[PDB]
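Asker: My structure is in protein-v1.cif, and what it holds is mmCIF, C-alpha atoms:
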data_structure
loop_
_atom_site.label_atom_id
_atom_site.label_comp_id
_atom_site.auth_asym_id
_atom_site.auth_seq_id
_atom_site.Cartn_x
_atom_site.Cartn_y
_atom_site.Cartn_z
CA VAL A 1 -72.48 58.17 -124.81
CA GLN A 2 -69.56 59.51 -126.85
CA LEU A 3 -67.63 58.90 -130.08
CA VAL A 4 -64.29 60.72 -130.25
CA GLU A 5 -62.58 60.65 -133.65
CA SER A 6 -58.94 61.29 -134.51
CA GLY A 7 -56.45 60.97 -137.34
CA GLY A 8 -57.51 63.88 -139.53
CA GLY A 9 -55.18 66.21 -141.34
CA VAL A 10 -53.83 67.13 -144.77
CA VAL A 11 -52.50 64.43 -147.10
CA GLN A 12 -51.20 64.78 -150.65
CA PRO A 13 -53.22 63.13 -153.43
CA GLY A 14 -52.38 59.46 -153.89
CA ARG A 15 -51.06 58.94 -150.36
CA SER A 16 -52.76 57.12 -147.48
CA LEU A 17 -54.32 58.13 -144.16
CA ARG A 18 -55.97 56.18 -141.34
CA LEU A 19 -58.82 57.52 -139.21
CA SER A 20 -59.70 56.10 -135.80
CA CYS A 21 -62.78 56.55 -133.64
CA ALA A 22 -63.06 55.52 -129.99
CA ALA A 23 -66.38 54.87 -128.27
CA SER A 24 -67.40 55.23 -124.64
CA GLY A 25 -70.71 55.01 -122.80
CA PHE A 26 -72.37 52.00 -124.46
CA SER A 27 -71.79 48.33 -125.18
CA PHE A 28 -69.70 48.98 -128.28
CA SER A 29 -69.22 45.27 -129.03
CA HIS A 30 -72.86 44.91 -130.16
CA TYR A 31 -73.43 47.95 -132.42
CA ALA A 32 -72.61 48.17 -136.11
CA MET A 33 -70.40 51.15 -136.93
CA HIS A 34 -70.79 53.49 -139.91
CA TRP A 35 -68.41 55.92 -141.57
CA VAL A 36 -70.21 58.84 -143.24
CA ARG A 37 -68.50 61.77 -144.95
CA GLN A 38 -69.67 65.26 -145.88
CA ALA A 39 -67.94 67.50 -148.40
CA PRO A 40 -67.50 71.16 -147.37
CA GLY A 41 -70.88 72.82 -147.80
CA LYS A 42 -72.44 69.79 -149.53
CA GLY A 43 -74.70 66.99 -148.32
CA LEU A 44 -74.05 63.74 -146.49
CA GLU A 45 -72.36 60.77 -148.18
CA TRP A 46 -72.38 57.22 -146.84
CA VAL A 47 -68.87 55.70 -146.84
CA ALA A 48 -68.76 52.34 -145.07
CA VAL A 49 -70.23 50.08 -142.39
CA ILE A 50 -69.03 47.16 -140.27
CA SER A 51 -71.25 44.72 -138.37
CA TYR A 52 -71.12 44.07 -134.62
CA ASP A 53 -68.88 41.00 -134.90
CA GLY A 54 -66.68 42.62 -137.55
CA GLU A 55 -67.15 39.90 -140.18
CA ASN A 56 -69.39 41.94 -142.50
CA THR A 57 -67.99 45.09 -144.13
CA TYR A 58 -69.77 47.18 -146.77
CA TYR A 59 -68.30 50.07 -148.75
CA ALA A 60 -69.81 52.74 -150.97
CA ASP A 61 -69.19 52.50 -154.70
CA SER A 62 -67.15 55.72 -154.87
CA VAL A 63 -64.64 54.37 -152.31
CA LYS A 64 -64.69 50.66 -153.18
CA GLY A 65 -61.28 49.02 -153.36
CA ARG A 66 -59.54 52.03 -151.79
CA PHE A 67 -61.01 52.32 -148.30
CA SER A 68 -60.99 49.52 -145.74
CA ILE A 69 -62.88 49.40 -142.44
CA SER A 70 -61.86 47.51 -139.30
CA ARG A 71 -62.92 47.37 -135.67
CA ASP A 72 -61.44 46.40 -132.31
CA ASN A 73 -63.95 45.65 -129.56
CA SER A 74 -61.35 45.02 -126.85
CA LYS A 75 -60.50 48.74 -127.09
CA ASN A 76 -63.80 50.05 -128.55
CA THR A 77 -62.29 51.49 -131.73
CA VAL A 78 -63.24 51.72 -135.40
CA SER A 79 -60.53 52.37 -137.99
CA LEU A 80 -60.94 53.49 -141.61
CA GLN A 81 -57.81 53.16 -143.73
CA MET A 82 -58.01 55.31 -146.88
CA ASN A 83 -55.19 54.89 -149.39
CA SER A 84 -54.87 56.29 -152.92
CA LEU A 85 -56.85 59.43 -152.10
CA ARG A 86 -58.37 61.61 -154.81
CA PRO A 87 -59.18 65.31 -154.31
CA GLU A 88 -62.91 64.48 -154.24
CA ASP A 89 -62.28 62.65 -150.94
CA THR A 90 -61.66 65.95 -149.12
CA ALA A 91 -64.47 66.07 -146.55
CA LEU A 92 -65.42 65.78 -142.88
CA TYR A 93 -65.74 62.15 -141.78
CA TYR A 94 -68.04 61.03 -138.95
CA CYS A 95 -68.15 57.67 -137.22
CA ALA A 96 -71.71 56.80 -136.25
CA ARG A 97 -73.57 54.14 -134.29
CA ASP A 98 -76.18 51.88 -135.83
CA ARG A 99 -79.59 52.36 -134.21
CA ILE A 100 -80.42 48.64 -134.06
CA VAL A 101 -78.21 46.31 -132.03
CA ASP A 102 -76.94 42.80 -132.87
CA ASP A 103 -78.00 42.39 -136.49
CA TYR A 104 -76.52 41.70 -139.92
CA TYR A 105 -78.83 44.24 -141.58
CA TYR A 106 -77.89 47.87 -140.98
CA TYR A 107 -80.57 50.50 -140.46
CA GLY A 108 -79.31 53.96 -139.57
CA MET A 109 -77.25 56.22 -137.37
CA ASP A 110 -78.47 57.59 -134.04
CA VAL A 111 -75.24 58.67 -132.31
CA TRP A 112 -72.80 60.74 -134.38
CA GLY A 113 -69.27 61.76 -133.50
CA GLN A 114 -67.81 65.22 -133.92
CA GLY A 115 -65.92 64.39 -137.11
CA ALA A 116 -62.41 64.54 -138.50
CA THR A 117 -61.51 66.89 -141.36
CA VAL A 118 -59.52 65.38 -144.24
CA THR A 119 -58.05 67.73 -146.86
CA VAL A 120 -56.32 66.26 -149.91
CA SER A 121 -54.93 69.43 -151.60
CA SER A 122 -51.32 69.05 -152.73
CA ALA A 123 -50.44 72.29 -150.91
CA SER A 124 -48.67 72.03 -147.57
CA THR A 125 -49.77 73.22 -144.12
CA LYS A 126 -48.73 76.77 -143.20
CA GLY A 127 -49.56 78.70 -140.06
CA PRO A 128 -50.98 82.20 -140.43
CA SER A 129 -49.19 85.53 -140.32
CA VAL A 130 -51.08 88.18 -138.35
CA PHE A 131 -50.74 91.84 -139.30
CA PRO A 132 -52.28 94.74 -137.34
CA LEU A 133 -54.95 96.90 -138.96
CA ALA A 134 -54.23 99.92 -136.77
CA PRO A 135 -56.75 102.68 -136.02
CA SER A 136 -56.41 105.92 -137.94
CA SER A 137 -55.18 109.03 -136.14
CA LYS A 138 -57.86 111.10 -137.91
CA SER A 139 -60.59 109.47 -135.76
CA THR A 140 -62.97 112.08 -134.35
CA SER A 141 -62.93 112.94 -130.65
CA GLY A 142 -66.29 111.17 -130.16
CA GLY A 143 -65.59 109.12 -132.00
CA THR A 144 -66.22 105.42 -132.75
CA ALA A 145 -62.94 104.41 -134.37
CA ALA A 146 -62.14 100.96 -135.74
CA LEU A 147 -59.18 98.56 -135.67
CA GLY A 148 -58.52 94.89 -136.33
CA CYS A 149 -56.28 92.00 -137.36
CA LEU A 150 -55.43 90.54 -140.77
CA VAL A 151 -54.84 86.78 -140.63
CA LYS A 152 -53.06 86.08 -143.92
CA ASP A 153 -51.47 83.13 -145.74
CA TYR A 154 -52.70 80.11 -143.79
CA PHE A 155 -53.71 76.61 -144.87
CA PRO A 156 -55.89 74.80 -144.32
CA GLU A 157 -59.06 76.09 -142.72
CA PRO A 158 -60.12 77.02 -140.12
CA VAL A 159 -58.65 79.70 -137.85
CA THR A 160 -60.44 81.06 -134.78
CA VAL A 161 -60.07 84.74 -133.87
CA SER A 162 -60.99 86.20 -130.49
CA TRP A 163 -60.35 89.59 -128.89
CA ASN A 164 -58.85 90.03 -125.41
CA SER A 165 -59.23 86.25 -124.99
CA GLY A 166 -63.01 86.70 -125.21
CA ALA A 167 -63.35 89.82 -123.05
CA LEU A 168 -64.27 91.84 -126.17
CA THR A 169 -67.27 90.56 -128.13
CA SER A 170 -69.48 93.55 -128.93
CA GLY A 171 -68.90 95.12 -132.33
CA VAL A 172 -66.56 92.33 -133.45
CA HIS A 173 -66.87 91.11 -137.05
CA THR A 174 -64.75 88.16 -138.18
CA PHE A 175 -65.19 87.84 -141.94
CA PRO A 176 -65.33 84.50 -143.76
CA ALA A 177 -62.01 83.47 -145.28
CA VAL A 178 -61.11 84.08 -148.93
CA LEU A 179 -58.89 81.87 -151.09
CA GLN A 180 -55.98 84.01 -152.29
CA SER A 181 -54.25 83.49 -155.63
CA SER A 182 -51.42 81.74 -153.75
CA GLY A 183 -53.71 78.86 -152.80
CA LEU A 184 -53.73 79.94 -149.14
CA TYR A 185 -56.48 81.46 -147.01
CA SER A 186 -56.84 84.89 -145.44
CA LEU A 187 -59.45 86.70 -143.35
CA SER A 188 -59.87 89.87 -141.30
CA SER A 189 -61.34 90.55 -137.87
CA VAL A 190 -62.43 94.12 -137.12
CA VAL A 191 -63.67 95.83 -133.96
CA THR A 192 -65.32 99.24 -133.57
CA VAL A 193 -64.60 100.92 -130.22
CA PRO A 194 -64.98 104.38 -128.67
CA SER A 195 -62.10 106.57 -129.82
CA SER A 196 -61.65 107.78 -126.23
CA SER A 197 -60.67 104.18 -125.39
CA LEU A 198 -57.57 104.08 -127.60
CA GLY A 199 -54.36 104.59 -125.66
CA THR A 200 -56.20 103.55 -122.48
CA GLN A 201 -57.23 99.90 -122.97
CA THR A 202 -54.93 97.31 -124.51
CA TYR A 203 -56.36 95.70 -127.65
CA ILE A 204 -54.98 92.26 -128.55
CA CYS A 205 -56.41 89.74 -131.00
CA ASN A 206 -55.86 86.01 -130.45
CA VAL A 207 -55.51 83.87 -133.58
CA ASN A 208 -55.61 80.07 -133.31
CA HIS A 209 -54.79 77.66 -136.15
CA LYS A 210 -55.16 74.08 -134.95
CA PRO A 211 -53.92 72.30 -138.14
CA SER A 212 -50.49 73.93 -137.64
CA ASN A 213 -50.57 74.27 -133.82
CA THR A 214 -50.20 78.04 -134.20
CA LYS A 215 -51.21 80.39 -131.37
CA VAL A 216 -50.61 84.10 -132.04
CA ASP A 217 -51.37 87.09 -129.82
CA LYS A 218 -51.19 90.34 -131.81
CA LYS A 219 -51.24 93.68 -129.99
CA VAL A 220 -52.80 96.52 -132.00
CA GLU A 221 -51.61 100.06 -131.28
CA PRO A 222 -52.05 103.41 -133.07
CA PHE B 1 -95.49 6.63 -130.61
CA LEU B 2 -94.33 9.19 -133.19
CA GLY B 3 -92.87 11.65 -130.69
CA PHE B 4 -89.33 11.17 -132.02
CA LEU B 5 -90.10 12.47 -135.53
CA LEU B 6 -90.73 16.06 -134.42
CA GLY B 7 -87.90 18.56 -134.27
CA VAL B 8 -86.41 20.08 -131.13
CA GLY B 9 -86.45 23.79 -130.39
CA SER B 10 -85.69 26.33 -127.69
CA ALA B 11 -88.83 27.32 -125.81
CA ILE B 12 -87.59 30.50 -124.10
CA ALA B 13 -85.43 31.75 -126.98
CA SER B 14 -87.58 34.88 -127.31
CA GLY B 15 -87.42 35.72 -123.60
CA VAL B 16 -83.68 35.01 -123.52
CA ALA B 17 -83.29 37.32 -126.52
CA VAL B 18 -85.19 40.11 -124.76
CA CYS B 19 -82.95 39.55 -121.73
CA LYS B 20 -79.70 39.71 -123.70
CA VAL B 21 -80.76 43.07 -125.17
CA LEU B 22 -81.52 44.42 -121.67
CA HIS B 23 -77.91 43.82 -120.54
CA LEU B 24 -76.52 46.51 -122.87
CA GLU B 25 -74.95 49.56 -121.27
CA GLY B 26 -78.10 51.59 -120.76
CA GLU B 27 -81.50 50.21 -121.84
CA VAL B 28 -82.44 50.01 -118.17
CA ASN B 29 -82.50 53.80 -117.91
CA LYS B 30 -84.67 53.77 -121.04
CA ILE B 31 -87.30 51.65 -119.28
CA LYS B 32 -86.93 53.69 -116.09
CA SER B 33 -87.52 56.99 -117.91
CA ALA B 34 -90.45 55.50 -119.82
CA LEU B 35 -92.05 54.28 -116.58
CA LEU B 36 -91.26 57.55 -114.78
CA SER B 37 -94.76 58.81 -115.63
CA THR B 38 -97.16 55.83 -115.51
CA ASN B 39 -97.10 52.14 -114.60
CA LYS B 40 -97.37 50.86 -118.20
CA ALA B 41 -95.63 51.99 -121.37
CA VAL B 42 -94.50 50.79 -124.79
CA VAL B 43 -90.70 50.94 -125.08
CA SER B 44 -88.66 50.68 -128.28
CA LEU B 45 -85.80 48.32 -127.47
CA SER B 46 -82.32 48.73 -128.93
CA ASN B 47 -82.94 45.65 -131.09
CA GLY B 48 -85.87 47.43 -132.76
CA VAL B 49 -88.85 45.49 -131.42
CA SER B 50 -91.21 47.58 -129.29
CA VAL B 51 -92.34 45.79 -126.13
CA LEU B 52 -94.93 46.55 -123.47
CA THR B 53 -93.57 47.25 -119.99
CA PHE B 54 -95.36 47.14 -116.63
CA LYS B 55 -94.37 48.51 -113.23
CA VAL B 56 -96.26 45.98 -111.12
CA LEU B 57 -94.86 47.02 -107.73
CA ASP B 58 -93.46 50.33 -106.46
CA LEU B 59 -91.25 49.62 -103.44
CA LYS B 60 -88.79 52.52 -103.71
#
With the file now loaded, output its structure as structure tokens.
Answerer:
Amino acid sequence: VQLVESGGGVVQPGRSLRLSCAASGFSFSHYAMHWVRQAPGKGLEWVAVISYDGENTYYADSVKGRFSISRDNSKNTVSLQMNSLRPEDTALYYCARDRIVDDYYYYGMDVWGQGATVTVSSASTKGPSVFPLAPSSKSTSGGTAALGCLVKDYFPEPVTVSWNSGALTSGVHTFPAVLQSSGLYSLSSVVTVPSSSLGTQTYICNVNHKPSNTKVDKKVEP
Amino acid sequence: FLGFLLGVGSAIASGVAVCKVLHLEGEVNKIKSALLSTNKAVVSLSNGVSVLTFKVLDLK
């Protein structure tokens, strides 16, 4: 049982964008398919539904006339075409399976996909620039000194930051992103390590930004 | 003599309906897991109706 969704991204207000969702593991041709969106940090919002035969489509009032739902049972896909997008449409969209099979009355969602993020902001997509927050040379001999990475000027969210490709996890703090005055995001990832370890073990942070296909490895040295 | 005035209907439509819902990918594993414990169990079918299920013979 699996619903894999695709087609997300960033799209300027007023333009169009089509989401697709492929199903595998069940008799897709007999289940009604829902589209349900969720704004960042807010609750769930029902978007649309299409019956098992594809001859009954229902849309929410806030997306009526703009969105259009379609299905293809020969390939087990559901497509949601959204044109004339407002900024309030920025959300994470799930495709979901209807609990009850082979009906014209729709009941609820029991199998949910992972979702596709749709951002409407007029700003473009920019990969992040990674700057090293290098350890101070005053650090005591003991001494528990600290270093890190500054992931600056990226859009949209999110970026994932690891250390030594995951080999370093203890004492790592990756802060939540902040929205800079430029309209782009920025965060910091800091690690506290024994001062006697500097100059002996290589410290590299790995920054990943999927929306821009950006993979950065930043080596931090004193 | 008035046998022609009555309407015609499908006698096994309910059983055929229960069969068509059992052909879905899965739904057999549902019954198998339900009957894993005892020989009788109520199972909620994918069409919503809950039906009683018996394991009348254990050959495996």
Asker: One decimal, in Å: what's the spacing between CA of residue 192 (chain A) and CA of residue 212 (chain A)?
Answerer: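 Computed distance, CA of residue 192 (chain A) to CA of residue 212 (chain A), equals 29.6 Å.
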Asker: Evaluate the PyMOL selection byres ((chain A and resi 159) around 6) on the structure here and hand back the selected residues as a VMD selection string.
Answerer: chain A and resid 158 160 208 to 209
Asker: Run the PyMOL selection byres ((chain B and resi 43-48) around 12) mentally over the shown coordinates, then write out the matched residues as a PDB file with C-alpha atoms, in the coordinates of the input, using the chain letters and numbers from the document.
Answerer:
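Dumped everything to expr12.pdb:
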ATOM      1  CA  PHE A  26     -72.370  52.000-124.460  1.00  0.00           C
ATOM      2  CA  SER A  27     -71.790  48.330-125.180  1.00  0.00           C
ATOM      3  CA  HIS A  30     -72.860  44.910-130.160  1.00  0.00           C
ATOM      4  CA  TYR A  31     -73.430  47.950-132.420  1.00  0.00           C
ATOM      5  CA  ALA A  32     -72.610  48.170-136.110  1.00  0.00           C
ATOM      6  CA  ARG A  97     -73.570  54.140-134.290  1.00  0.00           C
ATOM      7  CA  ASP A  98     -76.180  51.880-135.830  1.00  0.00           C
ATOM      8  CA  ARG A  99     -79.590  52.360-134.210  1.00  0.00           C
ATOM      9  CA  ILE A 100     -80.420  48.640-134.060  1.00  0.00           C
ATOM     10  CA  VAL A 101     -78.210  46.310-132.030  1.00  0.00           C
ATOM     11  CA  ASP A 102     -76.940  42.800-132.870  1.00  0.00           C
ATOM     12  CA  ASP A 103     -78.000  42.390-136.490  1.00  0.00           C
ATOM     13  CA  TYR A 104     -76.520  41.700-139.920  1.00  0.00           C
ATOM     14  CA  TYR A 105     -78.830  44.240-141.580  1.00  0.00           C
ATOM     15  CA  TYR A 106     -77.890  47.870-140.980  1.00  0.00           C
ATOM     16  CA  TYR A 107     -80.570  50.500-140.460  1.00  0.00           C
ATOM     17  CA  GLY A 108     -79.310  53.960-139.570  1.00  0.00           C
ATOM     18  CA  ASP A 110     -78.470  57.590-134.040  1.00  0.00           C
TER      19      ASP A 110
ATOM     20  CA  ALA B  17     -83.290  37.320-126.520  1.00  0.00           C
ATOM     21  CA  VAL B  18     -85.190  40.110-124.760  1.00  0.00           C
ATOM     22  CA  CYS B  19     -82.950  39.550-121.730  1.00  0.00           C
ATOM     23  CA  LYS B  20     -79.700  39.710-123.700  1.00  0.00           C
ATOM     24  CA  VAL B  21     -80.760  43.070-125.170  1.00  0.00           C
ATOM     25  CA  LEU B  22     -81.520  44.420-121.670  1.00  0.00           C
ATOM     26  CA  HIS B  23     -77.910  43.820-120.540  1.00  0.00           C
ATOM     27  CA  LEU B  24     -76.520  46.510-122.870  1.00  0.00           C
ATOM     28  CA  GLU B  25     -74.950  49.560-121.270  1.00  0.00           C
ATOM     29  CA  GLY B  26     -78.100  51.590-120.760  1.00  0.00           C
ATOM     30  CA  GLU B  27     -81.500  50.210-121.840  1.00  0.00           C
ATOM     31  CA  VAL B  28     -82.440  50.010-118.170  1.00  0.00           C
ATOM     32  CA  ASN B  29     -82.500  53.800-117.910  1.00  0.00           C
ATOM     33  CA  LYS B  30     -84.670  53.770-121.040  1.00  0.00           C
ATOM     34  CA  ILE B  31     -87.300  51.650-119.280  1.00  0.00           C
ATOM     35  CA  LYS B  32     -86.930  53.690-116.090  1.00  0.00           C
ATOM     36  CA  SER B  33     -87.520  56.990-117.910  1.00  0.00           C
ATOM     37  CA  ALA B  34     -90.450  55.500-119.820  1.00  0.00           C
ATOM     38  CA  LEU B  35     -92.050  54.280-116.580  1.00  0.00           C
ATOM     39  CA  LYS B  40     -97.370  50.860-118.200  1.00  0.00           C
ATOM     40  CA  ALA B  41     -95.630  51.990-121.370  1.00  0.00           C
ATOM     41  CA  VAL B  42     -94.500  50.790-124.790  1.00  0.00           C
ATOM     42  CA  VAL B  49     -88.850  45.490-131.420  1.00  0.00           C
ATOM     43  CA  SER B  50     -91.210  47.580-129.290  1.00  0.00           C
ATOM     44  CA  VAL B  51     -92.340  45.790-126.130  1.00  0.00           C
ATOM     45  CA  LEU B  52     -94.930  46.550-123.470  1.00  0.00           C
ATOM     46  CA  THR B  53     -93.570  47.250-119.990  1.00  0.00           C
ATOM     47  CA  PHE B  54     -95.360  47.140-116.630  1.00  0.00           C
TER      48      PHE B  54
END
Asker: Can you measure CA of residue 5 (chain A) to CA of residue 166 (chain A) for me? One decimal in Å is fine.
Answerer: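 Pair CA of residue 5 (chain A) / CA of residue 166 (chain A) returns 27.4 Å.
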Asker: Please evaluate the PyMOL selection byres ((chain A and resi 83) around 10) against the structure above and give the resulting residues as an mmCIF file with C-alpha atoms, keeping the file's coordinate frame.
Answerer:
data_model
loop_
_atom_site.group_PDB
_atom_site.id
_atom_site.type_symbol
_atom_site.label_atom_id
_atom_site.label_comp_id
_atom_site.auth_asym_id
_atom_site.auth_seq_id
_atom_site.Cartn_x
_atom_site.Cartn_y
_atom_site.Cartn_z
ATOM 1 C CA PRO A 13 -53.220 63.130 -153.430
ATOM 2 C CA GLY A 14 -52.380 59.460 -153.890
ATOM 3 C CA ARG A 15 -51.060 58.940 -150.360
ATOM 4 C CA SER A 16 -52.760 57.120 -147.480
ATOM 5 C CA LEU A 17 -54.320 58.130 -144.160
ATOM 6 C CA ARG A 18 -55.970 56.180 -141.340
ATOM 7 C CA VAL A 63 -64.640 54.370 -152.310
ATOM 8 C CA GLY A 65 -61.280 49.020 -153.360
ATOM 9 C CA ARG A 66 -59.540 52.030 -151.790
ATOM 10 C CA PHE A 67 -61.010 52.320 -148.300
ATOM 11 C CA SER A 68 -60.990 49.520 -145.740
ATOM 12 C CA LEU A 80 -60.940 53.490 -141.610
ATOM 13 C CA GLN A 81 -57.810 53.160 -143.730
ATOM 14 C CA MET A 82 -58.010 55.310 -146.880
ATOM 15 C CA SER A 84 -54.870 56.290 -152.920
ATOM 16 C CA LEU A 85 -56.850 59.430 -152.100
ATOM 17 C CA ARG A 86 -58.370 61.610 -154.810
#
Asker: So how far away is CA of residue 8 (chain A) from CA of residue 128 (chain A), in Å?
Answerer: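 So the answer is 19.5 Å.
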Asker: Neighbouring residues of region 113-121 of chain A were defined as those with any atom within 7 Å, considering only C-alpha atoms; residues of the same chain fewer than 5 positions away were excluded. Please report them as a VMD selection string.
Answerer: chain A and resid 3 to 6 8 to 13 87 90 to 96
Asker: Which of these, A:221, A:29, A:144, A:7, has the shortest distance to chain B once you count all atoms listed in the file?
Answerer: A:29
